[PDB]
Amino acid sequence: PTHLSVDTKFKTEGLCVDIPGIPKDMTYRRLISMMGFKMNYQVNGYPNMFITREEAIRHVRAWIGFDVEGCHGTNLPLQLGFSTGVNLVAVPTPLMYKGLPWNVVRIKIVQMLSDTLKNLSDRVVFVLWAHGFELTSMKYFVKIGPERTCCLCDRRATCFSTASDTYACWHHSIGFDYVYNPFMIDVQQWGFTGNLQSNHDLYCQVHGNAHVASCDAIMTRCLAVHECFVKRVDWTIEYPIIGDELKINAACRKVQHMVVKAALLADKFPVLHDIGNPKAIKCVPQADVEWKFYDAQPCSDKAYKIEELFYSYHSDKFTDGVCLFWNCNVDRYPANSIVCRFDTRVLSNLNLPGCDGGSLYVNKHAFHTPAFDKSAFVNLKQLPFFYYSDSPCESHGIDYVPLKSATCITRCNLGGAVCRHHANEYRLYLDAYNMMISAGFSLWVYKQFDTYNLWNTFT
Ligand SMILES: CN[C@@H]1CCN(c2ccccc2F)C1=O
Ligand SMILES: [Zn+2]
Ligand SMILES: [Zn+2]
Ligand SMILES: [Zn+2]
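As recorded in the entry header, the structure was determined using X-ray crystallography to a resolution of 1.8410 Å.

(A) Structural detail: the coordination of the zinc ion (ligand 4). All of the protein donors around the zinc ion (ligand 4) are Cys393 (SG), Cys412 (SG), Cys419 (SG) and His422 (ND1); their distances to the metal are 2.2 to 2.4 Å. Viewed at the metal, the four donor atoms of the zinc ion (ligand 4) are separated by angles of 103 to 114°, and the geometry they form is tetrahedral.

(B) Local environment of the packing of helix α7 (residues 245-267) against helix α10 (residues 420-438). Where α7 contacts α10, the two axes come as close as 8 Å, and the packing angle between them is 110°. Relative to α10, the element α7 is oriented roughly perpendicular. For the pair α7 and α10, the crossing hand works out as left-handed. Together, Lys247, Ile248, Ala251, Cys252, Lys254, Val255, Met258 and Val259 of α7 and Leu428, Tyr429, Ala432, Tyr433, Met435 and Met436 of α10 make up the contact between the two elements. Taken together, the residues of the contact of α7 with α10 break down into twelve nonpolar, no polar and two charged.

(C) Region of interest: the domain arrangement of the chain. Each assigned domain of the chain is listed here: domain 1 (13-230) and domain 2 (245-457). In terms of surface lost to domain 2, no three residues of domain 1 exceed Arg61, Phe229 and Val230, which account for 40% of the buried area on that side. Across the domain 1-domain 2 interface, the total number found is one salt bridge. Residues of the side of domain 1 that touches domain 2, tallied by class, amount to nine nonpolar, four polar and two charged.

(D) Region of interest: the coordination of the zinc ion (ligand 3). The zinc ion (ligand 3) binds to the protein through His200 (NE2), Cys204 (SG), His207 (ND1) and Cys222 (SG); the donor distances cover 2.0 to 2.4 Å. Given four donor atoms and angles of 98 to 115° at the metal, the environment of the zinc ion (ligand 3) is assigned as tetrahedral. All donors of the zinc ion (ligand 3) belong to a single chain; written as a sequence motif, their spacing is H-x3-C-x2-H-x14-C. One end of the pair, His200, is in helix α5 (residues 196-200); the other, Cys222, is in helix α6 (residues 213-230), with 22 residues separating them in the sequence. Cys222 sits in the buried class, given a relative accessible area of 1%.

(E) Quick look at the site of ligand 1. In the region of ligand 1, the neighbouring residues are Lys261, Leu264, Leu265, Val284, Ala287 and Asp288. A distance of 2.8 Å separates an oxygen atom of ligand 1 from a polar backbone atom of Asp288. In the complex, 58% of the free accessible area of ligand 1, which totals 370 Å², lies under the protein chains. Here the shell around ligand 1 is built from residues that sort into four nonpolar, no polar and two charged.

How each quantity is defined
- Residues numbered from 1 in each chain as written, not as in the entry; some residues may be left out.
- Chains lettered and ligands numbered in written order.
- Heavy atoms only, no water.
- Residues with missing side-chain atoms left out of burial classes, pairs and counts.
- Donors = N, O, S within 2.8 Å, 3.2 Å for Na, K, Ca; no water.
- Tetrahedral: all angles 85-135°; square planar, octahedral: opposite > 155°, others 65-115°.
- Axes fitted to C-alpha atoms, helices over the stretch in contact; angles between N-to-C directions.
- Helix = DSSP H or I, 4+ residues; strand = E, 2+ residues; numbered from the N terminus.
- Parallel < 35°, antiparallel > 145°, perpendicular 65-115°, else oblique.
- Left-handed = near helix turned anticlockwise from the far one by under 90°.
- Contact = heavy atoms within 4.5 Å.
- Nonpolar A, V, L, I, M, F, W, Y, C, P; charged D, E, K, R; others polar.
- Domains from an automatic or database assignment.
- Buried area = accessible area lost by both parts, 1.4 Å probe.
- Salt bridge = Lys/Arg side-chain N within 4 Å of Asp/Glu carboxyl O.
- Buried < 20%, exposed > 50% of the residue type's maximum accessible area, 1.4 Å probe, protein only.
- Near = heavy atom within 4 Å.
- Polar contact = N/O pair within 3.5 Å; in protein donor to acceptor, adjacent residues only side chain to side chain.
- Areas by Shrake-Rupley, 256 points an atom, 1.4 Å probe, with all protein chains shown as cover.

Laid out in structure tokens, this is it:
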């Protein structure tokens with residue numbers, strides 16, 4: 001049991017206004033046939049156009065919300081809306097395009113999906129709130145068959161070209177006109193009461209209803225993300241490497257060690273309250289400080305209220321020493337904090353649009369993160385870049401240009417001239433730092449933090 005059986009029942013109540021008289025008793029097998037597709041009893045990797053909720057979650061990077069509204073049924077124009085904000089008008093003869101025949105509309109669909117998905121996934125999952133016209137419009141831009149590979153590479157085929165009779169992945173599909181072997185899921189099958197807008201608006205105020213197909217496409221995908229990543233959370237699901245995941249994660253570990261070690265050296269806190277991941281390890285194992293851990297899983301819905309984390313009776317005195325909130329999203333950080341907070345607004349292949357201002361950050365695991373809020377940091381300041389090292393000035397074991405920098409906090413720089421080892425380490429650290437920042441992470445610190453206090457650790 002890994003794929004959705006074509007013999008599974010499909011509830012047709014949501015389809016009966018666009019498709020009156022539709023049988024109540026319906027399987028995916030009969031629905032696919034009604035949609036104009038023929039599966040021919042084929043054991044060639046594509047057993048069903050529709051997928052399970054579990055398969056959808058594993059392929060969240062492929063999710064594209066899709067809605068079709070009757071602009072005026074083979075006689076009337078249709079408005080095709082996608083969660084990319086694109087609206088296309090197809091004539092049978094928030095971007096809004098004028099009415100065009102299907103032969104040109106399909107070319108645009110292939111281009112749009114290929115540009116959106118080439119760096120995210122090997123497929124497309126059309127996320128629907130199915131009412132009928134979206135399912136019956138698929139025959140005009142979708143072709144199905146056995147699983148195939150690209151004509152220019154080893155990736156699976158996602159597009160087909162009627163001009164050349166060839167197949168391509170999202171990277172090699174320029175000029176292609178058909179979407180090939182797409183996947184889809186109807187959110188209405190999950191058991192909801194009431195329409196799309198009433199269910200979406202229970203959890204999100206950021207997506208409105210401008211009464212266009214793309215607005216519905218966006219709401220449908222948002223509702224699906226809420227159900228699968230906000231109200232339900234699964235950290236056992238692994239996702240493939242598609243970008244700088246490893247470098248970002250290594251950079252995060254380096255920056256955490258650097259910043260915490262320097263805060264302990266500069267202000268000599270007697271106790272550190274480490275709030276967050278219950279599997280956290282001391283990031284500065286050699287520090288003398290009394291290290292105390294507090295368990296809090298990553299919040300996926302709203303940011304934690306500092307009152308619930310700290311109060312209701314632990315050192316108890318979180319006001320003593322310093323608090324470390326490394327990716328532990330809270331409404332308002334205390335003044336004595338060291339913080340790393342993911343900025344949900346960041347544009348990247350790892351960060352997908354989410355629910356209610358939040359974003360779905362996918363790096364090995366999927367983490368829905370509450371919307372970034374500048375007011376959470378009112379008691380702190382932005383942590384400036386610096387590099388600190390107490391290691392001996394010794395090269396050991398890549399060419400050189402001497403380093404001159406006021407932020408290279410080392411014995412050699414204090415002495416007037418940065419050594420080769422600390423210049424190499426400073427540059428590697430600055431690269432790791434910029435990688436983590438560009439990935440969306442923001443760093444905040446207690447207002448008294450001053451790197452000038454680090455120079456006297458060299459005596
Ligand atoms: C006497 N206290 C020692 C001095 C060095 N130190 C320390 C070392 C590495 C990282 C952070 C630190 F605070 C202490 O805790
Ligand atoms: Zn290819
Ligand atoms: Zn929404
Ligand atoms: Zn040095």
